[PDB]
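S.K.: Got a structure here, written out as structure tokens. Questions coming.
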Amino acid sequence: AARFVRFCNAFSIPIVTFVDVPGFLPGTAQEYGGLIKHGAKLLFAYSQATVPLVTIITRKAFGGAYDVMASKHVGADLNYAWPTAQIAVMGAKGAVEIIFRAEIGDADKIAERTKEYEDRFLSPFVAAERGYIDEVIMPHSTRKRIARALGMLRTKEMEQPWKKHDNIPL
Amino acid sequence: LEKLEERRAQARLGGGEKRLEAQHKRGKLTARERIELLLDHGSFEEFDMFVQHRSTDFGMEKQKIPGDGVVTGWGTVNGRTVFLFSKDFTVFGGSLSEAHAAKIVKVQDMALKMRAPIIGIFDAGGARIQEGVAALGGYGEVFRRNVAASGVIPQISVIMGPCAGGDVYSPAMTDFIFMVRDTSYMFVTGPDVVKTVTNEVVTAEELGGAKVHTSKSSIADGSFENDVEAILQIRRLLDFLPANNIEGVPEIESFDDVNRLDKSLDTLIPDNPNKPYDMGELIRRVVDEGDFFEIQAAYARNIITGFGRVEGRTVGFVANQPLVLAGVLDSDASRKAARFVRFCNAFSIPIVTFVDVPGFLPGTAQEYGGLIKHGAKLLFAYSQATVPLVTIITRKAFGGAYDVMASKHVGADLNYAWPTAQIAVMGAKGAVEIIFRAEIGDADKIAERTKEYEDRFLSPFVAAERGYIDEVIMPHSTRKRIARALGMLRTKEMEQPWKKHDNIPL
Amino acid sequence: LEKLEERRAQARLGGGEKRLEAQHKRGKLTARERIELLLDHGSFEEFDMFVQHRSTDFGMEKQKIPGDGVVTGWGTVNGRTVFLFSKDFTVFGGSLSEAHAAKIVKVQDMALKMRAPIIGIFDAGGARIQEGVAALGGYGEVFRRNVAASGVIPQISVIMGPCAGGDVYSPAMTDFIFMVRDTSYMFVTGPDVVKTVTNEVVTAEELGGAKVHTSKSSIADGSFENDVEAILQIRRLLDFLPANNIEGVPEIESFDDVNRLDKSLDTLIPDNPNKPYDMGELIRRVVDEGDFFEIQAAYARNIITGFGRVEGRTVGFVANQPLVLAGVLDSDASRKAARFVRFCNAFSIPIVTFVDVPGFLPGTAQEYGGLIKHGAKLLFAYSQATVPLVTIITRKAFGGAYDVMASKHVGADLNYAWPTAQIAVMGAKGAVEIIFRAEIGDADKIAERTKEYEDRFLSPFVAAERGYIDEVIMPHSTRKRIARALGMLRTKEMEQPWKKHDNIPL
Amino acid sequence: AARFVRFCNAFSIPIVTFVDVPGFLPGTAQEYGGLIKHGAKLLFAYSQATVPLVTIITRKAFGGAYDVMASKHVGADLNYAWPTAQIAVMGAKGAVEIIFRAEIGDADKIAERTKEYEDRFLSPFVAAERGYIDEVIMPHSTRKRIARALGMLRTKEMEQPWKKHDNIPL
Ligand SMILES: CC(C)(COP(=O)(O)OP(=O)(O)OC[C@H]1O[C@@H](n2cnc3c(N)ncnc32)[C@H](O)[C@@H]1OP(=O)(O)O)[C@@H](O)C(=O)NCCC(=O)NCCS
Ligand SMILES: *C(=O)CCCC[C@@H]1SC[C@@H]2NC(=O)N[C@@H]21
Ligand SMILES: *C(=O)CCCC[C@@H]1SC[C@@H]2NC(=O)N[C@@H]21
Ligand SMILES: *C(=O)CCCC[C@@H]1SC[C@@H]2NC(=O)N[C@@H]21
Ligand SMILES: *C(=O)CCCC[C@@H]1SC[C@@H]2NC(=O)N[C@@H]21
């Protein structure tokens with residue numbers, strides 16, 4: 001994805017992203033293989049681009065992944081979300097086991113806390129209340145929105161400092 | 001007022017005496033001690049000492065600690081302005097909240113606007129769960145600023161403790177990462193998740209310790225014995241680098257001589273062609289006082305890269321190392337050298353290269369690993385550079401490799417060769433095997449033809465006759481030539497077309 | 001999901017049915033109805049419908065209202081993209097908190113990036129006290145963005161209700177301010193402080209009502225009967241303006257002819273030198289269909305400024321007005337015209353000037369008020385402009401005034417003059433009374449000398465004989481010449497030295 | 001002040017500001033005179049300048065005035081504050097009259113609320129806790145800090161979009 005995004009950016013081609021990611025792949029294999037830098041490549045390619053970026057969150061966006069995949073904070077122009085999106089720091093079970101580390105033995109209490117956490121926070125509405133999502137749309141309208149959005153976005157112009165070239169990790 | 005001095009003195013205490021004593025017991029300094037040690041005496045000016053968090057969920061409102069877990073500010077090192085921030089492990093485990101992120105973004109933006117370097121020191125414990133999605137927002141902004149500053153100001157990161165989860169991405173986009181050899185580790189996902197998912201049991205030290213990341217994964221640029229050594233070495237390095245992408249490299253007065261000769265080099269290369277030799281000795285004989293700041297010393301040891309000084313100016317050096325795997329280029333060496341050369345070119349540092357390469361590494365493993373593109377990265381980096389490039393072909397350059405390692409054809413300005421250089425499409429045996437295929441059965445005729453081809457084509461004078469080599473030099477002269485050459489090349493000026501950016505093969 | 005639709009229907013209700021009924025009883029529309037009436041049908045895209053405020057002090061946490069008092073988004077007007085926001089009086093009295101400010105800054109930044117016009121509609125109630133110092137931060141960022149966009153995109157503001165306190169600064173730095181005649185008012189400090197400090201009793205309407213600010217203070221560019229008229233006139237105006245400072249003025253197909261002659265103009269100038277005439281008639285005969293959008297019509301009526309169309313292109317018009325104060329130049333007129341010319345120059349709109357001016361206004365009030373600097377403002381504005389400038393001298397041009405009103409000497413490109421023009425240093429009486437000072441003992445000789453001086457020098461032919469006038473034209477052809485001239489001048493290209501910006505007097 | 005600031009900015013001279021302002025001047029004479037645009041001139045001049053700006057709050061900074069006088073939000077680079085600074089939306093009396101409008105009848109209750117508000121909120125530490133102030137300094141050190149700050153700020157470099165010229169309110 002990093003190389004594709006760089007090519008699209010070099011020639012001023014707009015980019016559309018569909019996001020459904022639960023996190024990164026765990027295991028010693030990936031770590032010894034250098035997952036850190038390779039993951040950084042995508043963040044770099046996304047954040048430096050000066051063309052229109054439009055993103056649609058469908059189901060899941062957990063943890064640091066929610067940031068590499070063209071979040072509003074790294075330069076996305078428009079962020080929509082379907083009603084089934086779940087934007088949180090991590091899955092509900094793990095979050096409860098971390099916050100309530102003192103009472104990890106009583107089952108029923110843990111299940112009740114999990115249900116409370118899940119219903120309150122695993123939804124697309126808390127992210128919206130802080131203004132990170134531009135609009136929550138009904139799915140059947142998706143095409144029309146893109147078709148409209150890209151139009152207004154054609155004129156994106158923005159200035160940056162003078163560098164010879166960047167120092168992207170390899 | 002005295003009330004102000006009391007409040008301030010109590011902010012310098014962080015999370016209390018007990019946590020400071022626990023911190024000291026492990027052999028780790030506190031954030032403020034590191035700040036005091038890195039900068040010149042009496043220069044530290046602090047920003048935003050009293051910031052507090054604003055969350056009100058999960059009982060967080062009952063514990064508001066001033067500082068929010070990070071110490072930030074600016075100062076001077078050797079008279080030159082530097083900005084820096086340091087994470088504090090004793091305050092909420094140095095986790096990352098909204099206000100935390102605000103302080104970091106402020107210091108980063110100010111540092112980019114005024115064009116000065118940035119130092120980040122990491123002693124953190126990751127994302128604060130209680131803050132929910134807001135915390136993620138913080139992360140984003142910090143990442144963004146890093147990318148904006150890359151290739152404009154040099155950014156240095158020092159890992160001095162745990163660093164997990166999303167946090168790790170922030171130093172991965174900086175220029176240099178340094179680690180401490182026993183109280184640090186990096187990973188995206190921790191041991192518990194790994195066990196839950198793959199059923200493999202591993203400890204944090206084995207998964208992401210200093211050894212792993214300095215010898216296998218390519219992430220870290222060096223390791224040091226303890227915090228003090230690390231900080232002093234960072235202060236030594238910082239004096240090499242230009243302050244930004246406009247002003248030249250810093251210059252100091254050198255105590256060495258630009259016209260001295262060194263006879264020992266005439267006997268460096270052995271007569272026997274199967275024996276190796278130590279290239280690092282050559283590099284240390286060529287720099288001013290034998291001072292060489294090596295980068296990634298323990299990873300991909302078939303290639304050497306680092307900083308030295310010539311006539312008071314910083315110069316980068318890249319060299320093949322015969323001592324390991326006969327000096328062949330492979331995926332790891334290509335990636336390492338490509339990233340380093342890109343850095344040197346970005347900030348207009350001249351580059352010297354020492355070449356002794358018999359080819360690429362054979363085997364199915366390399367081929368499945370993608371050697372073609374990792375190999376193309378180095379060629380790309382070398383051919384696009386617009387700074388002075390000087391290369392010395394000490395003992396070998398066979399086939400395609402002679403092209404990737406800064407040949408005259410890909411943009412090298414000056415190319416010397418010692419008398420022992422052997423420049424050819426391939427080794428004598430293979431070449432004669434391919435050419436004279438109708439007579440592969442005999443054994444005397446093949447030897448005769450091999451001797452002829454070797455005596456006529458494995459030498460530097462055929463390369464010189466076509467004008468690919470600018471001059472053949474006696475070994476004992478090497479230093480002087482470089483010292484003169486660079487002097488004339490300072491004014492190199494040349495202009496490319498207009499591109500947004502290149503499309504280097506990632 | 002139905003539940004999302006219910007959330008939307010509930011967010012669209014603002015602060016309750018009761019407050020909406022009370023709003024309607026005052027004779028005012030609601031925010032969303034204004035947004036609906038401004039934009040083309042079906043084009044409105046809303047941002048951030050669900051944002052809530054985040055204060056928890058002074059009992060504020062018990063009342064969270066979605067939207068936080070502002071509706072923002074973008075749409076199309078006549079096919080061209082526009083951004084906009086509208087403050088909602090029914091939610092916390094339309095006040096300005098942290099999150100409210102975050103939405104406003106988002107929309108301003110995005111509109112600057114895409115280079116599109118911005119419409120702001122103000123119906124506010126000032127600073128929310130319960131938010132404390134944080135409130136101030138909000139205001140600050142908004143101001144900054146205004147200034148960054150000034151001279152890059154046109155910014156129109158419409159005041160349709162109370163707008164007290166520091167918020168007033170935000171619309172004052174925009175290019176146009178429109179007010180509603182019977183329901184709006186603006187002031188920095190309200191009547192209560194005035195009463196407690198100065199002991200004078202004054203109502204809000206008298207202190208800052210529409211009339212005060214459109215007739216005396218120079219703030220407002222016009223007034224309208226009710227909200228519908230104001231919004232439709234904004235829609236009309238938006239068709240004259242360029243979208244940004246790069247592209248040219250919009251063009252439409254005209255129904256008029258470029259070669260028509262106007263016999264009536266032959267009789268516009270009265271025979272008696274003491275009688276005035278109506279310049280507005282002249283202007284409405286030069287424009288294509290007689291459609292003229294007047295700017296600041298009710299302030300400083302001795303000068304006229306506005307927008308028209310010629311051959312399907314926007315053109316700016318400035319003209320002296322004999323009907324009031326004999327057309328002299330005073331402080332007010334000077335400031336009005338100076339700001340208008342600066343705007344027209346910033347977006348590359350051509351300018352046409354009609355001159356009939358005897359001089360400056362004498363009296364001690366003007367001099368104590370600072371007439372020197374205000375008068376210099378207009379000269380500064382005209383002389384520095386690089387757009388095409390076409391000027392027409394109709395009747396009088398005496399003394400220094402003849403030099404500020406787009407003379408050939410200060411950079412005008414073409415200068416015509418009707419046959420009735422009188423261009424001289426000063427009037428016949430005073431000129432003679434000075435040159436023949438030691439002869440004033442008589443009465444008849446002085447009268448004879450006056451007659452001869454009037455006959456010789458008060459004419460347009462001496463100015464032409466010196467070459468300061470390009471052509472003397474007959475009145476009936478005036479329109480045609482303009483239509484031709486402007487055409488040829490479309491390609492004007494000139495370049496000045498490098499300055500950060502001018503130092504215009506204030 | 002606006003004219004002086006623009007002149008300073010045109011030739012790249014740094015600016016130091018000392019702030020002690022309780023608000024604007026009330027009355028009919030000023031509003032009939034057109035205070036809104038004249039006061040906006042100063043804000044316009046300060047926000048656009050691209051030279052080092054250093055501000056020192058000594059005693060008071062109330063209300064909208066605190067914004068025009070080179071606040072951190074409109075583009076000031078460094079903000080120091082003495083220990084006696086009072087940064088607030090308005091004076092204690094009027095603030096308490098406004099917040100507790102439904103209980104103004106009393107005279108002891110109002111005094112109690114006034115004392116509480118003044119002690120909690122009229123200080124430089126609430127503004128500092130939000131990061132709007134870079135440091136609370138001891139007065140006798142003031143000169144030294146200025147001398148240091150300006151020394152570093154020589155390299156300030158920033159670029160706006162391409163405009164023919166600004167449109168300052170005349
Ligand atoms: C630093 C770390 C490796 C262990 O440090 P340690 O020296 O062995 O001591 P502890 O584990 O008891 O942690 C000490 C404090 O750091 C705090 N802390 C550390 N990381 C934190 C975080 N991301 N969020 C909140 N608090 C955190 C803990 O609250 C703890 O507080 P305490 O005084 O009540 O005990 C661990 O804290 C860490 O970095 N991540 C924990 C892994 C996780 O995310 N959840 C737990 C199981 S999934
Ligand atoms: C439940 O059993 C969850 C499985 C492990 C958590 C998942 S695996 C994929 C993601 N990786 C990670 O960091 N956690 C997520
Ligand atoms: C002798 O056995 C020759 C085999 C190796 C040939 C050399 S090793 C280094 C280079 N790799 C390659 O492809 N051929 C060269
Ligand atoms: C006739 O009596 C002449 C007196 C008036 C002079 C006129 S008023 C307009 C012009 N202003 C000026 O300086 N003198 C002219
Ligand atoms: C106290 O009783 C005075 C009321 C206003 C305080 C001062 S008077 C001048 C300034 N104008 C304003 O808005 N308040 C300030």
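Each chain in the structure tokens gets a letter, A, B, ..., in the order shown, and its residues are numbered from 1; ligands are numbered from 1 in order too.
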Identify, on the basis of only C-alpha atoms, every residue whose closest approach to range 469-481 of chain B does not exceed 9 Å; exclude the query and any residue fewer than 5 positions from it along the same chain; express the result as a ChimeraX atom specification.
M.R.: /B:258-267,285-287,392,408,414-419,460-461,463-464,486
S.K.: Give the residues close to ligand 3, within 12 Å, counting only C-alpha atoms and all ligand atoms; write them as a PyMOL selection string.
M.R.: chain B and resi 274+322+324-330+356-364+366+396-402+425-431
S.K.: Could the residues in this selection be saved with C-alpha atoms as an mmCIF file, in the first residue's frame?
M.R.:
```cif
data_model
loop_
_atom_site.group_PDB
_atom_site.id
_atom_site.type_symbol
_atom_site.label_atom_id
_atom_site.label_comp_id
_atom_site.auth_asym_id
_atom_site.auth_seq_id
_atom_site.Cartn_x
_atom_site.Cartn_y
_atom_site.Cartn_z
ATOM 1 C CA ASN B 274 42.237 -15.649 -1.178
ATOM 2 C CA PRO B 322 36.003 -8.172 3.002
ATOM 3 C CA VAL B 324 32.585 -11.163 6.326
ATOM 4 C CA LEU B 325 30.980 -13.047 3.417
ATOM 5 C CA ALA B 326 33.810 -11.934 1.122
ATOM 6 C CA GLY B 327 32.230 -8.479 1.007
ATOM 7 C CA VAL B 328 29.317 -9.372 -1.253
ATOM 8 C CA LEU B 329 26.287 -7.104 -1.388
ATOM 9 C CA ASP B 330 23.004 -8.553 -0.163
ATOM 10 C CA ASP B 356 35.856 -3.992 -3.017
ATOM 11 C CA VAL B 357 32.950 -6.172 -4.169
ATOM 12 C CA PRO B 358 32.858 -9.536 -6.002
ATOM 13 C CA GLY B 359 29.124 -9.576 -6.724
ATOM 14 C CA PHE B 360 25.836 -10.454 -5.083
ATOM 15 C CA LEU B 361 25.018 -13.245 -2.684
ATOM 16 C CA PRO B 362 23.747 -16.399 -4.420
ATOM 17 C CA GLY B 363 21.061 -18.692 -3.089
ATOM 18 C CA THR B 364 17.337 -19.319 -3.295
ATOM 19 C CA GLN B 366 17.876 -14.210 -1.137
ATOM 20 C CA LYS B 396 37.767 -5.599 -6.995
ATOM 21 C CA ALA B 397 34.680 -4.643 -8.945
ATOM 22 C CA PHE B 398 32.991 -7.497 -10.796
ATOM 23 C CA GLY B 399 30.033 -7.157 -13.110
ATOM 24 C CA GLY B 400 26.840 -5.458 -12.067
ATOM 25 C CA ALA B 401 28.171 -4.587 -8.630
ATOM 26 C CA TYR B 402 30.781 -2.270 -10.141
ATOM 27 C CA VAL B 425 32.616 -8.369 -16.318
ATOM 28 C CA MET B 426 33.217 -11.514 -14.251
ATOM 29 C CA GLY B 427 35.946 -13.719 -12.885
ATOM 30 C CA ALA B 428 38.467 -15.217 -15.255
ATOM 31 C CA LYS B 429 37.340 -18.822 -14.833
ATOM 32 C CA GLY B 430 33.651 -18.237 -15.524
ATOM 33 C CA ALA B 431 34.337 -15.895 -18.433
#
```
S.K.: Write down as a PyMOL selection string the residues of range 125-233 of chain B whose backbone DSSP state falls under alpha helix (DSSP H).
M.R.: chain B and resi 133-149+169-172+191-198+204-208+210-215+227-233
S.K.: To check your reading of the model: which residues sit at most 7 Å from ligand 2 when counting only C-alpha atoms and all ligand atoms? Write the answer as a VMD selection string.
M.R.: (chain A and resid 22 to 26) or (chain B and resid 189 193 196 to 197)
S.K.: Please identify all residues of chain D having at least one atom at most 12 Å from any atom of chain A, considering only C-alpha atoms, and return them as a VMD selection string.
M.R.: chain D and resid 157 to 162
S.K.: Show me, as JSON lines, the residues of chain A having an atom within 9 Å of ligand 1, each with the closest atom pair and its distance in Å, using only C-alpha atoms and all ligand atoms.
M.R.:
```
{"residue": "A:94", "atom": "CA", "partner": "ligand 1", "partner_atom_place_in_ligand_line": "48 (S)", "distance": 6.9}
{"residue": "A:95", "atom": "CA", "partner": "ligand 1", "partner_atom_place_in_ligand_line": "45 (N)", "distance": 8.3}
{"residue": "A:97", "atom": "CA", "partner": "ligand 1", "partner_atom_place_in_ligand_line": "48 (S)", "distance": 7.4}
{"residue": "A:98", "atom": "CA", "partner": "ligand 1", "partner_atom_place_in_ligand_line": "45 (N)", "distance": 5.1}
{"residue": "A:99", "atom": "CA", "partner": "ligand 1", "partner_atom_place_in_ligand_line": "25 (C)", "distance": 8.2}
{"residue": "A:101", "atom": "CA", "partner": "ligand 1", "partner_atom_place_in_ligand_line": "46 (C)", "distance": 7.8}
```
S.K.: Could you go through range 3-169 of chain D and tell me which residues DSSP, when run on the backbone, assigns to strand (DSSP E or B), listing them as an MDAnalysis selection string?
M.R.: chainID D and resid 15:21 53:62 78:81 86:88 135:136
S.K.: Considering only C-alpha atoms, state which residue in the set B:15, B:166, B:350, B:208 is at the smallest distance from residue 34 in chain A.
M.R.: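 Among B:15, B:166, B:350, B:208, it is B:208 that comes nearest to residue 34 in chain A.
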S.K.: Please identify all polymer residues within 10 Å of residue 27 in chain A, counting only C-alpha atoms, omitting same-chain residues fewer than 3 positions from it, and present them as a PyMOL selection string.
M.R.: (chain A and resi 24+30-32) or (chain B and resi 188-191+193-195+197-200+202+207)
S.K.: Would you export the selected residues with N, CA, C and O atoms as a short mmCIF file (atom, residue, chain, number, x, y, z; two decimals), in the first residue's frame, please?
M.R.:
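The result, stored in part.cif:
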```cif
data_model
loop_
_atom_site.label_atom_id
_atom_site.label_comp_id
_atom_site.auth_asym_id
_atom_site.auth_seq_id
_atom_site.Cartn_x
_atom_site.Cartn_y
_atom_site.Cartn_z
N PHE A 24 -2.60 -4.98 14.52
CA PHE A 24 -1.46 -5.51 13.80
C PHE A 24 -1.27 -6.99 14.12
O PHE A 24 -1.78 -7.50 15.11
N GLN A 30 6.96 -11.53 12.96
CA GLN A 30 6.85 -10.17 12.44
C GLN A 30 7.87 -9.25 13.08
O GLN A 30 8.49 -8.43 12.40
N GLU A 31 8.07 -9.38 14.40
CA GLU A 31 8.99 -8.48 15.09
C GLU A 31 10.41 -8.67 14.58
O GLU A 31 11.11 -7.69 14.28
N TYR A 32 10.87 -9.91 14.48
CA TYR A 32 12.18 -10.14 13.90
C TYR A 32 12.22 -9.72 12.45
O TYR A 32 13.30 -9.46 11.92
N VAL B 188 5.42 -3.75 18.99
CA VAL B 188 4.07 -3.26 18.74
C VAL B 188 3.06 -3.97 19.63
O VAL B 188 2.13 -3.35 20.14
N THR B 189 3.23 -5.27 19.84
CA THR B 189 2.32 -6.06 20.66
C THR B 189 3.12 -6.84 21.69
O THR B 189 4.20 -7.35 21.39
N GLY B 190 2.57 -6.94 22.89
CA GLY B 190 3.32 -7.42 24.03
C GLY B 190 3.21 -8.91 24.23
O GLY B 190 2.53 -9.62 23.48
N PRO B 191 3.92 -9.43 25.23
CA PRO B 191 3.99 -10.88 25.41
C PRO B 191 2.65 -11.56 25.62
O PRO B 191 2.44 -12.66 25.11
N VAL B 193 -0.45 -10.85 24.58
CA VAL B 193 -1.18 -11.03 23.33
C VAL B 193 -0.53 -12.11 22.48
O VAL B 193 -1.22 -12.94 21.87
N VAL B 194 0.80 -12.11 22.42
CA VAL B 194 1.50 -13.11 21.62
C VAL B 194 1.18 -14.50 22.11
O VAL B 194 0.89 -15.41 21.32
N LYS B 195 1.20 -14.70 23.43
CA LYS B 195 0.84 -16.01 23.96
C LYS B 195 -0.60 -16.36 23.60
O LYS B 195 -0.88 -17.46 23.12
N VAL B 197 -2.40 -15.55 21.19
CA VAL B 197 -2.71 -15.73 19.77
C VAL B 197 -1.95 -16.91 19.17
O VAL B 197 -2.54 -17.70 18.43
N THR B 198 -0.66 -17.07 19.46
CA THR B 198 0.12 -18.12 18.83
C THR B 198 0.51 -19.24 19.78
O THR B 198 1.11 -20.22 19.33
N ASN B 199 0.20 -19.11 21.07
CA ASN B 199 0.49 -20.10 22.09
C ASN B 199 1.98 -20.26 22.36
O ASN B 199 2.40 -21.25 22.97
N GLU B 200 2.79 -19.31 21.91
CA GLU B 200 4.23 -19.31 22.15
C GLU B 200 4.52 -18.43 23.36
O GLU B 200 3.98 -17.33 23.47
N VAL B 202 7.09 -16.19 25.42
CA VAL B 202 8.31 -15.41 25.24
C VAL B 202 8.28 -14.25 26.23
O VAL B 202 7.22 -13.70 26.52
N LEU B 207 11.84 -10.84 23.17
CA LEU B 207 11.04 -10.38 22.04
C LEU B 207 11.56 -9.07 21.47
O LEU B 207 11.63 -8.92 20.25
#
```
S.K.: Quick one: which chain D residues come within 7 Å of chain B, and what is the nearest atom pair for each with the distance in Å to one decimal, counting only C-alpha atoms, rows ordered by chain and ascending number, as a Markdown table?
M.R.:
```
| residue | atom | partner | partner_atom | distance |
| --- | --- | --- | --- | --- |
| D:128 | CA | B:50 | CA | 6.5 |
| D:129 | CA | B:51 | CA | 4.3 |
| D:130 | CA | B:51 | CA | 6.0 |
| D:131 | CA | B:48 | CA | 5.8 |
| D:134 | CA | B:47 | CA | 5.1 |
| D:135 | CA | B:47 | CA | 6.1 |
| D:153 | CA | B:114 | CA | 6.8 |
| D:155 | CA | B:114 | CA | 5.3 |
| D:156 | CA | B:114 | CA | 4.8 |
| D:157 | CA | B:113 | CA | 5.9 |
| D:158 | CA | B:113 | CA | 6.8 |
```
